[PDB]
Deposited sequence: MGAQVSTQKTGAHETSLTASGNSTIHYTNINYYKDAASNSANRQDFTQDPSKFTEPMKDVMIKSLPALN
């Protein structure tokens, strides 16, 4: 019984759920909806030299 108890998505003003995998292939699992990584620095600051807001751009 490799039952996994995770946490439920609730408002950030009984909050846990269980999960068991029934199939031998990882393609059969449910979705990875609770992976909330983000790193926008590759599109917004793709600069060779760092830039500070306070300092002049040039």
Since the structure holds only modelled residues, which stretches of the deposited sequence does it leave out? 14-23, 69
